[PDB]
Each structure stands twice: as structure tokens, then as C-alpha cells.
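Below is one structure, written out as C-alpha cells, with a few remarks after it.
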Amino acid sequence: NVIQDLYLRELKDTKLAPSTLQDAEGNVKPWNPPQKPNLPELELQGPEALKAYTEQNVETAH
Amino acid sequence: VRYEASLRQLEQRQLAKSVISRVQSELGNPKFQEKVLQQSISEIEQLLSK
Amino acid sequence: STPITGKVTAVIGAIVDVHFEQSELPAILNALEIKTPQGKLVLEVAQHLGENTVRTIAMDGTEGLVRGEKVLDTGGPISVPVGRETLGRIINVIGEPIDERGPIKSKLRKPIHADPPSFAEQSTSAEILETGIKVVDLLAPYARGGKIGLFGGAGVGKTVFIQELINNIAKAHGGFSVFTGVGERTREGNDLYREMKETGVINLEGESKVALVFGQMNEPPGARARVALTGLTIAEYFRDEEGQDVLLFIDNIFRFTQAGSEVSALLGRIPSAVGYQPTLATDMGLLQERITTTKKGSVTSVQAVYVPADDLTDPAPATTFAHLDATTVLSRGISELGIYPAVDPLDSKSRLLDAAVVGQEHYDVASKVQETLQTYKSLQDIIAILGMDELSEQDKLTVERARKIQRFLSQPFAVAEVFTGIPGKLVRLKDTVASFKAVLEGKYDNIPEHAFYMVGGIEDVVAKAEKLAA
Amino acid sequence: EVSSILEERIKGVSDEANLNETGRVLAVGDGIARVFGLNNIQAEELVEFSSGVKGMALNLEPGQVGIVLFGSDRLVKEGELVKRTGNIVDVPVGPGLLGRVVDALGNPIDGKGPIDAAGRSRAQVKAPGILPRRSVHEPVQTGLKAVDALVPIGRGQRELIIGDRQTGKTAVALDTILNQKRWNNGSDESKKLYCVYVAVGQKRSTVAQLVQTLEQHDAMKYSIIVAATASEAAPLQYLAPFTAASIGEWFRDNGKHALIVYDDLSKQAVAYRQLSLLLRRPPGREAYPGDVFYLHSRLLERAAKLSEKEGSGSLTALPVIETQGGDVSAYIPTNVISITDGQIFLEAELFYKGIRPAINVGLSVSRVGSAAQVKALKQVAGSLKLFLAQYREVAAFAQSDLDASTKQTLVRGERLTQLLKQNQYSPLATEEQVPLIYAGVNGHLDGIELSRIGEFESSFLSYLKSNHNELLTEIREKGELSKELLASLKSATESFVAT
Amino acid sequence: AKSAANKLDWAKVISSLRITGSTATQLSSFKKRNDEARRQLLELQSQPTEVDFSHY
């Protein structure tokens, strides 16, 4: 009755205003994709290492 | 997704002021008078059905 | 001025009956204002007695009231102001700054009779708060969104406990906190205000990651009931509207009970057991239910409770005991032993204090601690009559460990720089679990008892062992 | 849009003509509106206000009918028209409530929409008489060994769960529900106990955790959670066990079996206290209403094992009473203790001593006891009662230079005490419960170190599962132990004990 | 692989049984044990490689 009148009128005559998209961006964290787990260096180099490892070793006790 | 859910609530509050506006419109218009006459005859029919 | 004008008919203390005019009636839980040279007295409408005569409860003092005094009707449930400009000022019950940090720059106002969230809204807990306090962390770990409860004697450093918690956890947390003090000393209030300005959490040159709502005991009982409600609504605004998680702190919730009991009597309700309000359960319940972790936020209440004459068999503490999720018992005896923590370790219980959820190692360690202490307590009777010497070797090793553990639970606090002066120590959760495991294994049974006493973590215990040694 | 859908639903409500018998509130205070009007009104009739609040009408006085409002007074106002709903309390009953968390009226608070409801039946109804009784013998196995052997009960029967405040009181209860899954899976509807947990005055979060745990153990598919939460008001709480019982009648009437756990009547009492005091009725002993006994007696006598003649059905019940600091002399406990057919009494020392379950079996009793319980389990647990009895007496002799006889008792007894520990929220299958106790009976566990009891237990079970799963199936299916079966079982135990 | 890493670690405990000293034995065993435990914990902890877009 009044229900029908109120509804018909309410829906029709009052148009939704959807939110500002900019504000939505604000309320989310923006995020651009993370980059690189890195390439870590090749452990040990030169005949410094070779000599060190061969020579230093004798680390068995008597 | 969170802001989307918030927007659903916000839509309801947007629609809340729309209810207030529509209430003011019904009570403003001589629909206030003319639909009261409609209610009167509807009650006459209802009460006659008793 | 509303044409809803009522004339007082009876001033019989807080009960003030008003005689609103024909047809015009407010509604239960509404707010009436009576303009006075003592601001506006707020009357919360609590009954209708009909014939356009309502019966309402006073909040502000009722002295000088003229019987027949015109009463405007605000028309709705007492609405406080909420915002992020409520942060950093002491707001009294009637929503007025009593620290005079100028008028609150309200965004929104809300009623203080906001309804608790529904079952659907609640989001199931699993977060683990950690306070960096060894007893708490190990023996009753806290959870974010929890309902921590500081059951204890009268201010048995109860305030001191809250101060430590705020000092560590609040500052650590980026979110807001809400410190609400219901009926605590106005001396103590000034110290807290100064102190939290000092900790800078209240920064008057900036914003504040905490708000204060201090209602103190010198305010009529009716106002005392709705100090809690007032604070709660600010927290809801934070949880909901700002979305941010918080850590609520309320003090002391026995005052909330006591206040409610008093105005029940005035309201004429037949007093229940130990004079408590018949509506005690629901009042506590509304308060607790309102505080919850939702899919909008998380609120971690820490509610001080004063346990009269240290009897938890008293119905008011016992009812609260059910209603809370992370109980703590602060025993006088343990305070007297000089240990601060004053906690009763066997009586600490928390919603999160599981097995796997606290970690298998943590669980096992804690099971061992509990047994050791429980044994020590059991053997205390044997030691009492028979004597210490009639115990076994296994028992003696257990006693030695228990005394060491007892004093290893001692952890200095920053808020005992006003006591001892000794700077606080706070030990991270992982570190505590590891350190306690060692002690139990007896890896630190080569460390003196007093080198655990009133010193923090394992590094400190070892260091104090060296210190005592030389 | 959500806006359009909501509008559609509301729009689809129009036209009134139902209102007839009006009342007008004279004064509304304390949730006790007092109306002059509603001349013809049934007692505890549902009434719908102008605000829309619903009530029952406990006081029918000569000039006023004192409606009790179920809801908040926030929207209620004085002088209000009070339409007469015209129905004394009735609740949907049906199979749909399986897997439904519902509020007292029945409105799902888990929002699982419409309920498959095969009746609306009144909530306050009279209990099954003398003639509706068949002999009680049907096992109730909770998967907790102490309960199952030391204090077991039959279906349709009472038995209190009176114990220390929130010491996992709900946890002790929850263990049973999980064990009902095993039987539930089985087709037979005597093995389908359709459980009801009645959460009275309980936080929505706490019950959410309960619900979540139940979902995890998939127990929701025979579980019903009747919820009167802490927020839910005292009228709902007052009717909460009664309403729940009516649901139980439908299953029972169908000849099926079910288990209703009223948790906790201590909060029910307080709600009744709130109602009575507010209705200005004189309060009984310990400020708990005088006719609270009458409420409890009506509720607790509805649990019944029906006659074969009137169809064998049952409605097992397990009321939970929260001991206020271990007080069992309190008025609400004393009354309940008399009505109940058994008690289980949780004990704080035991909890502290890491005995979980913390049940003190001395102060646990069953008045149905051995009448129901597996015959097999009866055979191998007569000894257990006697052994434990000695262990209790010789318990205090545990604190020096001790007699060999006492010391032997202590060895057997201590191992048993460790054995009855069970990691809460894990129930055990009876066909493996019988073996564990059997081992203890054969005293082969005397030779097992206390710490190694736990490891032994699971290992023994696995050893039985691989090696002697013939035995496990035999124990299960025979449900009885022949001397030959006990022989073979002993051999298996010996063999495992050796390793 | 990972079974190699841990097997040689424990093997080296019993090799150090037969060769006195373990000065850098423990450092080799420790390193292979560490990264083995890290990758197994990585692969089992592993969140998806990409975002979903089915439901959300």
C-alpha cells in the first residue's frame, strides 16, 4: 500500500552514488610486485682457497 | 575485498538517507491526504470483511 | 527546547522522576538534559511509570534541584563523541574534556547503548599476543583480541601491572589503545596522565596512540555505571569505523559491578546474592559481548578486577571469572615473597594456553614447570611438620629447581623504577621458552637461587651468578 | 543490488488484519511490561508488541497481565498496543536442526536459513511416565576410559557433570561428542545419537570456537547447537533447556537415540533468578528462586529410555553444573545431585597434577553404572575398580620407608593413574580400550616405566593393529571376551611387553 | 639429495669416531644440514606462486 508507494518511489527517485575510486585506492595498500631474491656470490675463489683447504687440513688429531 | 564490503554497508547508509527523504516526501505531498483516503476505504473493506 | 518538557516530581537521590506532558514520552535508555547553572544534568530514562511520569536515574549531582524543574529531552540514548580527535585527551562521562585540551573535534557521535555484534560477525581467534613478560608468555600466553583479566587484591600493584602492559604492549602496538579508568583515585589519575605524557604515548605536540576516559570515584553511582559504556563506544569506533585493532584497558570492573548494584537498589530491584544487582549477569554480559574480534577489527581488553578480601568465591568476581577469556590471579603472598610478578602461576589460565598451539616444546616445558611447582607446594606441608631433611634425593633436586624457577619467574619491570629503581627487563617469548627448558633440565642448577632472584632472562641470571661469585 | 533485494523482501510485506486483542502497556520497567487489556490470553502465550518485541505472560493478575519482554526495552515504549500472537511457546522440531546453530526461537545464528522442521511442538511439556520405560542397558561410551569403565551409563539416563569452573568443563563434554562420530558413521540409528549441546549464557566467540572445532571434527552433521548466548536475554535462557528438550522429543519419538548436554544449569538458574526477582516473586534459598527445583525436576525427568511397547527410543542427558569454587553443598547443586542418576566430579588437584581428564573418580558415581557398558569391558574392569580403590587408600602412604605390599600397590596404581590420562579432544575406540585395560589387568604394565607408559600405549595399539587386528575385530564384533579370546589377547600383550 | 646431506652428516659423526678431531667436520655437516632443513621447510611452507582470480 504505503509500502508499495514508498518503495517504488524510494528506489526510482533516489539514485545511488557509488564511491570515489581514488578513496578505494587509498584504503588499500597499492603494491607493485617484489623484485629479486638476489643472486649471492660464489663462495670462495682462486688457488688461495685450494691451497688453504689442502694445507690447513691435517685437522685429524694424532 | 574489504573496501567492497564497506561499500555494501555504505550503500545501505546511502539508502538510509533515501528512506528519510522518501518519508519526508510522503508526509510532504497531499499523497499524505489522498493515500489516507485510500487507507480509509481499505480499512472499510477490511472491516466489512469482518 | 523540546516541547517534551517535564517537571521533576521527586528527588529521592539519584532517582528523579519527571512528569512529561500529555502524550509526550521518551523511551528506555534515552537521555534527558536539565539545564542548570551546573551545566546540563543528564538523566538516563530507565522506566516509564505511565501517566506521562517517567522514572530516570541521575548522572550528575542532584543537590539544589527544585522539585518541579523543567526538563528538556535530548530524545535518544546518551551519545558521546567519537573521532580520532578523541585520541589524546581525558574525556569525562558527559563527553567533556576535563584535562581542558579544548573541545573534542568530533567526527561522529554514537549512542553508548550500542548493541554487541552477532555470532556471524565474530571472527574466530588464533592470534598470539606476547607481552615480553616471562610468566605471561610461558604460563598463560595472551592472544590478540583477548579478554585479559587482572583479578587481584586492592591495587596490589594492579595499577602497576596495567602501567607495565601499557608501557610495553601499547607502545609496541601501532594501533590505538583505550585506557578507561572507572573509579580510580584522582591522585592516581594525575600520575597516570603525567606518566603517559611522559611515555609520550600521549604526545600533546602530536597525536596519541591512546585515548583516555577517566571517571573517578567521587561521581554519583549512576555516572559510574556509564563510564564504562562511554569508553566502550570509542573503542567500537576504532574497531569498526577506523578499522584499526586496539587494546582496550578498563579499570576496575568491580567498580562497574558495585556501581550497578547500588543503582539497582535505588531502582527498587530486590537485591540478589551479596546485594548484587539481578541484572548483574546481563550488564557484565553486554559489556563483554560488545568487546570482541570481528571481521572489522580486534580489541584486546585488559580489565582490572578487585577481588574483595581475595575471595573469588564472592559472586561478583566469580561471575566475571566466567565472562573473561584470559584470567590472571595476582596473589598478595607472592607479592610479599618480593616477586613482582605477583601472579599465582598455577592459577593463571588463558584461552590460549593449549598444547600444539603454544608449541609442543612450550607445552611440555610448561607441563614440567607446573608439575615442579605443584610438587613444591605439595611438599611444603611435608617440610612443615616432618622437616626438609626427610625428603628424597629426587625431591631435593625438584625443590632446588622449584626455588630457582620460582625466582626465575621474577622479571624486573620499568614501573618498578618507582619501586626498586631497578630498570625493567622484558624477555621475548622464544627466548623465555628456551631458557626455561634449560633450567628444568638442570643446566642452570649450577646457578645460585639468589642469582635468579629479581633478575630477568638467562643472560642476566648467569651475569648475576658471576656478580655474586665476585 | 543488495539494496534492491532488501527492498523486495520488505516490499513483499503488506496488509494487517490480525490485530484484535490489544493491550496497552501501563508502565514498562525492567523488561516487565504490565498491560491492562488482553483479557483472553493463554499462559506463556507469545505476544507481539507494536515495537515487535515478543514475550510470555508469566503473571496473569486480575487487572494486569505482566508480559515479560524477551528483548531490549530500547524500542519498547509505554502505552504500546500489544497484538496477541496467540500461541503458547512452540519451537520447530525436525531433522533439519542437525547441522544448525540456532537461537532460542530457532532463528539460525549461523544463518543457515530455513530449518527442516517437521513440527512446531510446545516447549513446556510433561515427561515420559512409568509406563514409557524399557530396561536400560544400551552402552554410552564417551571414548574416555575412566568414564566408560569406572562410571558408564545407559541411554535415556541422567548423570551430572558437576565440576570446577571452566576447567574445560565444556572440554570434558566435547570429548563425548567426538566419540559419537564413530557410532554415527555406522548406519544403525541406535548407533546414531543426534547430539545437542545447549550453550546457555555463553559468549558468541566461545561458541564460535566450539562450532569451529565441531566443524573441524565434522561433528556438525548430527550436532545441533541450541544457543542462548550471553547477550541473549534471561527469558530465552529460562526456556533454553526446555526448548532444546522438545527438539530431542522428535528424535526420541522416532525411536532414535540422542544425547542432550545442558551446559550449564548454573547460568540457567541465574536467569530464572533474574526473572523471578523482577517479577517480585520471593526468592528461594541462596537467593535462587524457590521453584527453581520445580524447573530442574521437570527438565531432568524428560530424559528417558522409552518402553519397547511405545517404541524403544531414548534421550540421554548430561547436565553440567559449575561448582562455585568446588562448592557442591550449594542449593542448585544439592537439588540437581538428588535428581541425577550419577555425577562426574572434576578435581582441581588432579588438573594441576596434569591428570587430564581431571575427573576424580572417587567423587564420580553412577546410579546406572555397569547396567550399560560393554560386557567385554565389564569383564576386564572389575579388577580395575578394586585395584584403584587400593591405590586411593594407599595414596597417602606415598609420602618414605614403605611396606612391600603397599609399594606393589603403588607401582600398579601409579601406572594406572598415568594410563587414564588422555589428551583432551581425542576419544578412543572401545575395541582398543578393552586391550589397554586388559594389559593393566594382566599387570604387564607394572613392568613398564611411567614415562614410557604413553609411548607404550600407542605402540601397543599399533602392535595390536598390525599383529592382532583379528583380535581387535573379534573384540569389536563379539563384544564379549571368551576365555580363548582373553588367552590370545594375553599372548599379544606379553609379546608386545617383551618388545 | 637431502637424504645425502643428513646421511653424510651423521656418517661424519661416526667417521670422527674413527678419526680424532672434528674441527671443520662439524662445520661441513652443519652447513649441509642447514640448507637442507631450509629448503624442506621452504617447500612445505610454500605459498602459491601466483594470486588466485577464480573466487576473489
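A short reminder: the numbers here are calculations on the coordinates, not readings from a lab. Every residue, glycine as well, gets a Cβ built from its backbone with ideal geometry; the counts of neighbours run over all protein chains shown.
Some observations on this one:
- Volume per residue of the C-alpha convex hull in chain C, rounded to whole Å³: 156 Å³
- The distance linking the range A:41-62 with the range C:284-333 is 64 Å (Cα centroid to Cα centroid, whole angstrom).
- Taking a ≥ b ≥ c as the square roots of the eigenvalues of the alpha carbon gyration tensor, the range C:2-77 is rounded, as a/c is under 1.5.
- Dipole of chain C computed with +1 at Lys/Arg Cβ and -1 at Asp/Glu Cβ about the Cα centre; of C:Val461, C:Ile234, C:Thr328, farthest Cα towards the positive end is C:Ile234.
- Look at the dipole of the range C:78-352 built from charges on Cβ: of C:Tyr193, C:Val136, C:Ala318, the Cα furthest out on the positive end belongs to C:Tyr193.
- With 30 Å as the limit on Cα-Cα distance, the pairs of C:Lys368/D:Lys407; C:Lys134/E:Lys2; C:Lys377/D:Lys181 that go past it are C:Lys134/E:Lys2; C:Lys377/D:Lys181.
- Relative contact order (%) - criterion: Cα under 8 Å, at least six apart; region: the range D:15-87: 40 percent
- If you sort the three axes of the alpha carbon gyration tensor as a ≥ b ≥ c, you get a/c under 1.5 for the range C:78-352, which makes it rounded.
- Once the C-beta distance of A:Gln22 and C:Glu188 is scaled by a Förster radius of 51 Å, the resulting FRET efficiency is 0.60 to the nearest 0.05.
- For the range C:2-77, the relative contact order works out to 41 percent when only alpha carbon pairs closer than 8 Å and six or more residues apart are counted.
- Surrounding net charge for C:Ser23, when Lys and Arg each add one and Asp and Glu each subtract one, Cβ distance under 12 Å: -3
- More than 24 angstrom apart: percent of Cα pairs within the range D:374-499: 28 percent
- Only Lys, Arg (+1) and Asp, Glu (-1) charged, at Cβ; the protein assembly as shown dipole about Cα centre in debye: 1040 debye
- Cβ charges +1 (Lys, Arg) and -1 (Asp, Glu), total dipole of the range C:353-470, debye: 360 debye
- Peptide D:201-211 has a mean shielding of 6, counted as Cβ atoms of other protein chains within 10 Å of each residue's Cβ.
- Percentage of interatomic Cα-Cα distances in the protein assembly as shown larger than 46 Å: 44 percent
- Here each label is just a point 7 Å from Cα along the line to Cβ, and for C:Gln38 and E:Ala4 those points are 8.9 nm apart.
- Of all DSSP beta bridges confined to the range C:151-265, the antiparallel ones make up roughly 10%.
- Model label points for D:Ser451 and B:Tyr3, set 7 angstrom from Cα along the Cα-to-Cβ axis, are 5.8 nm apart.
- Distance from the Cα centroid of the range D:104-127 to that of the range D:362-431 is 43 Å (rounded to whole angstrom).
- Among the GluC sites (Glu not before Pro) found in chain E, those both in a DSSP coil and sparsely packed, with 12 or fewer other Cβ atoms within 10 Å of their Cβ, are E:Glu50.
- Size of charge dipole - the range D:15-87 - debye, nearest 20, with Cβ of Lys, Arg +1 and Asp, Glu -1, no other charges: 100 debye
- Cα gyration tensor, the range C:353-470 - rounded (a/c under 1.5), prolate or oblate: oblate
- Nearest-ten-degree value, helix E:25-45 long axis tilted from longest Cα axis of chain E: 20 degrees
- Per-residue shielding of C:116-129, expressed as the average number of other chain Cβ atoms within 10 Å of the residue Cβ, stands at 4.
- Label sites at B:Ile20 and D:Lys191, each approximated as a point 7 angstrom past Cα along Cα to Cβ, lie 6.3 nm apart.
- A DSSP coil position with no more than 16 other Cβ atoms inside 10 Å describes the following GluC sites (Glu not before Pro) in chain A: A:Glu41, A:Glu43, A:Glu59.
- FRET efficiency for C:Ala356 and B:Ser40, using Cβ-Cβ distance with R0 set to 60 Å, rounded to 0.05: 0.25
- The GluC sites (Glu not before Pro) of the range C:73-151 meeting both criteria, a DSSP state outside H, G, I, E and B (loop) and at most 12 other C-beta atoms within 10 angstrom of the site's C-beta, are C:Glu100.
- Length-normalised contact order for chain C - Cα pairs under 8 Å, 6+ apart - percent: 15 percent
- 13 Å reach of a label modelled at C:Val66, 7 Å along Cα-to-Cβ, counting backbone N of the range C:1-28: C:7-8
- Selection from D:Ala240, D:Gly342, D:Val125 lying farthest towards where the dipole of the range D:88-373 points positive, charges on Cβ: D:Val125
- Taking trypsin sites (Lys or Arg not before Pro) as exposed when DSSP calls them loop and at most 15 other C-beta atoms lie within 10 angstrom, chain C has its longest site-free stretch at C:296-427.
- Just so you know, the Cα atoms of chain D work out to an Rg and Dmax of 26.1, 89 Å.
- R0 of 41 Å, Cβ-Cβ distance E:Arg33-D:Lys490: FRET efficiency to nearest 0.05: 0.35
- For q = 0.12 Å⁻¹, Debye-computed log10 I/I(0) when each Cα of the range D:164-242 counts as one equal scatterer: -0.37
- In degrees, nearest ten, helix C:429-441 long axis to first principal axis of chain C (Cα): 40 degrees
- Degrees separating the helix C:280-290 axis from the principal Cα axis of chain C, which is the longest one: 80 degrees
- Shielding of A:8-18 by partner chains, average beta-carbon count, 10 Å: 5
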